């Protein structure tokens, strides 16, 4: 059986370069391909970038328990979520699976698939994360204040996760995740 790992973290502790490292380091890693009810953009491939389905199908899948998690996107412009079947079929074939989702999606997946390992990718310190949120200072005080507030709420509940990987350095955070996946 392949391990299923669910990778989450703060709304912006930066996860896309970590994900890219992982897919580079594990040759046959299955990166979960989400279902969505929005339209393809040019260059998006059905089955690779998303499984493109229609609102009616999506509701059918919700009703039959075929989603590990789903959410309304942009206040309900459309819907996205993680399909259960590809994840289970890949693991049964022996391929390792990575699901990358926001904290609400990680929380939902632990209920629908308890044997998934949940990983919270933590910053090496508060000041490290705060520096990154202030960034180039091109946002207003109110926006920055909201980001810092959001970040502390999210940080406060990393305890709910099976594992905390501290992102001290790309290579060792990536190494820790490889060890979990294979």
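Residue numbers count along the first chain shown, from 1.
Judged by mean Cα B factor in the deposited record, 12-20 ranks above the other of 12-20 and 161-169.
For residue 37, the recorded CA temperature factor ranks within the lowest third of the chain's modelled residues. Ranked against the other modelled residues of its chain, the C-alpha B-factor of residue 57 as given in the entry falls in the highest third. For residue 88, the recorded CA B-factor ranks within the lowest third of the chain. Only modelled residues enter the ranking. Placement of the Cα temperature factor of residue 140 within the chain: highest third of the modelled residues, per the deposited record. For residue 65, the recorded CA temperature factor ranks within the middle third of the chain's modelled residues.
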